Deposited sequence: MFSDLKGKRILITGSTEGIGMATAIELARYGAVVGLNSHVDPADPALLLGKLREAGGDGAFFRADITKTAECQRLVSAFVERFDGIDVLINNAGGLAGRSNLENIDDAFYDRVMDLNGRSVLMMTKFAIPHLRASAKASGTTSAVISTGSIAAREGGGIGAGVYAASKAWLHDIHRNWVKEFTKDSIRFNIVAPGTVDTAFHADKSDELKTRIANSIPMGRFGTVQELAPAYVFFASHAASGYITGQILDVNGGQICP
């Protein structure tokens, strides 16, 4: 029972596939209204919305390359134009964007990874704060941000992935800064931290997207996680037990 998610307007960056899409459908199951998003158009946008509505909810697609601040602005504007505000921001866009030994790491590499995993999440969240704040007065209860983190935030990632690791630790920490700045506004901030999606994983296998979605649902519903904020749930098969 996440019935308090019916009608909730939930914007998810980087959600035309993987964890993002699977989460979109699970939110849809409780009748949520979901902004899908990506930097390039999917092959079949209607089919994705079909899957949402099929599952019991609704939504629209919005294309934006959120490694640019302007685009994060434009994306929040559009979703808010279409529906009238945001009840939940899910920062899911992110990713490696390459591996490089430290000695071959030039400025471009740094900038690529940090725009994808750093600036994007900062700026998206910034532009959504206004609407999330207002969303929360209106409901009475709370708005939410959920950001996708990583096991790499904690243990430094694989070789090649130092910047990605660091960018994720950057996120885990900046959430703690936002719990300070915005709990008075009744906006909660939580992280799902995938791990990888064997045999340094106690369970002996990589996760499936269907195994990551429920946690997002959990942090999304105020009825289920209303007292929880500034926490990190690692969904990694025991791979790290912090």
* Structure fact -> Not represented among the modelled residues are deposited positions 198-213
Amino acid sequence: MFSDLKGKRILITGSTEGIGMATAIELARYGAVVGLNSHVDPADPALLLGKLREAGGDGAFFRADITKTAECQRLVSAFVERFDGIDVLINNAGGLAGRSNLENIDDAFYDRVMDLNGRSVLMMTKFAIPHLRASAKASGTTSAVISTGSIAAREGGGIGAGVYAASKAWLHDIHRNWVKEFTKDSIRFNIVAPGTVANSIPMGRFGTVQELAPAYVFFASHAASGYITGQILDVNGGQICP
From here on, numbers count along this sequence of modelled residues.
* Asked: Which has higher Cα B-factors on average according to the PDB entry: 155-163 or 138-146?
  -> 138-146
* Residue stretch of maximal mean CA temperature factor, 112-120 vs 76-84 -> 76-84
* **Residue with highest C-alpha B-factor in the PDB entry, from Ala70, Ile201, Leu212, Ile191** => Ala70
* Asked: Taking the entry's C-alpha B-factors for this chain, is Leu96 in the lowest, middle or highest third?
  -> middle
* To do: Going by the recorded CA B-factors, say which third of the chain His39 sits in, lowest, middle or highest.
  => lowest
* Lowest, middle or highest third: where is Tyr216 by Cα B-factor in its chain? -> lowest
* Split the chain's modelled residues into thirds by Cα B-factor; is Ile105 in the lowest, middle or highest one? -> middle
* To do: Would you mind checking where the Cα B-factor of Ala128 ranks among the modelled residues of its chain, as the lowest, middle or highest third?
  => middle
